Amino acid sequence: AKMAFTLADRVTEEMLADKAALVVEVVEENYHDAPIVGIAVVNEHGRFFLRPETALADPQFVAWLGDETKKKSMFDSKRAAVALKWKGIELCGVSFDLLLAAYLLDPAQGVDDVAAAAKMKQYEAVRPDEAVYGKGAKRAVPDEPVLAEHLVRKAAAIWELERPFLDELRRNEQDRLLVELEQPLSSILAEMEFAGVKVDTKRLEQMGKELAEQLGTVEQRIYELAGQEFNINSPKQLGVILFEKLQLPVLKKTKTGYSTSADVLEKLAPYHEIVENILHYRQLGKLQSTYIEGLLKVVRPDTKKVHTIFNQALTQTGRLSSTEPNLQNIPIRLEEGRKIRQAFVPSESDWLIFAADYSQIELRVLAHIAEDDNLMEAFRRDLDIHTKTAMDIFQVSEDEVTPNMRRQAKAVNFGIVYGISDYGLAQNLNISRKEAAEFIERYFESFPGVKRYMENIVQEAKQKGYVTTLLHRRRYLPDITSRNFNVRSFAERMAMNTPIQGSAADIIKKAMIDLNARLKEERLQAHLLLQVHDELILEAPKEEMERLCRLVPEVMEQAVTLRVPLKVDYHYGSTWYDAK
């Protein structure tokens, strides 16, 4: 049964009521400088569809959009806000975002359209976007009557569902998490994405050219050492060269054949000179394909900026993710890849990049949640936590901790945060399951509060059905009750890890909100460009560095109050590389 609405030819006052469900539809997945294909408004006066060329040229409509006192309920308001920013139009007054609400209620539903959210509350009078638009090469905006009905049904769904979603959030003690954390964050992310990050494309191109030359040289050395040309990027053609023509040992298998992962190759290197060259080839090829070529493909040729999209409603722990480009995995560990960061530069003359990162926030969060006396004391002393962990688990003085001991203790600390298992620690350290289990036992002997936490959190997940973070983010773990050991064990590790990873996410999100407020209060021109889980990257005039050196770490350190201090390191420089 069709849904009634006015297919409007002009904007009227009744469309500009002080509460409405608003749809500002951007069908392109990447909404940067993208078309708005249609607008729907549902409010106390009825249901309306507006052509965007009409609405967005209308001064009254534009003023309504930008009026903070005119409240709008939406789904994925960031998409609309950014698309409107590209058109020089400010969207304000978004009081409810159904995407974020659905995400907080259950991130596992993978809600990514209104229909999916609606189905959570048995509301089915709206089509999935994929049904309307199609996907891939077949994707298209449909004719107006079909488009208009869809946008109106989405607006109608939002109008109906706001209350039951808010009611459930309130029951879960998550309504503040939506209204005071995620919704304000969405506006901040919209700003960051719209600002973009300036790229030194000539530098990337120069690196591209040098990598191409190095790739050619290593490629040829590989064919030489193999006495044969083949496709090095096929883990199957490669597996044949290595494990058949050259007869190398099969140390590890995949599901469909031989492993050629770097950890395996590193083990095979002593047998044949080809292996180190395959590794080198892989390193260079990663830089060339993913970073150089990948960045260059998405840089805007006019402004030479990249404009990531931070997916705020994807990860199961409350982290953001970043796409097109992913600016959360730019290399740093290896110097060769780290130089990619030299191409990320400030957007204005005489500005600098300022980067601030939490030091060991996940382990500090663990100390807090677990109330582990030893771990808390370690952070209260600002100890090197890996050296301290080695001291405790290997029962030596600080002076007796060797580099290998620190390395193994560090791995244990990661294992503990990730949700410890002897098999997984064993794989990481290239040791036996029994040896890994002894390490873990020693760790829990030294950190008995952490042990009690890991036990208790798994029991709580079983009892309640979910675990929660500091600011009341939730993750359901139905597999915690599985009688399949492997399935259950993965859920147990999620129980252990999610409050840690997710509370750290909560903290940095709050820090972003607090920081933006302080930046505005101080009228600094500095602004956020990126978040990389435990770090914030800003740019600012060079004249603001001294103020940022004090302000940014303070705001980040004070975002929450834990049983241990939070510590933030910071650096600045003329490129992201130099902000070290």
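Start at 1 with the first residue shown and count on from there.
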query	finding
Stretch with the greater mean C-alpha B-factor as recorded in the entry, comparing 550 to 558 against 63 to 71	63 to 71
Average Cα temperature factor in the PDB entry - higher stretch of 272 to 280, 221 to 229	221 to 229
Out of 76, 435, 129, 173, highest CA B-factor residue	435
Of the residues 502, 88, 249, 465, the one carrying the largest Cα B-factor as recorded	249
CA B-factor placement of residue 29, once the chain's modelled residues are sorted into thirds	middle
Third assignment of residue 140 from its chain's C-alpha B-factors	highest
Residue 422, C-alpha B-factor rank within chain (lowest, middle or highest third)	highest
CA B-factor ranking of residue 525, expressed as a third of its chain	middle
Chain-relative CA temperature factor third for residue 55	highest
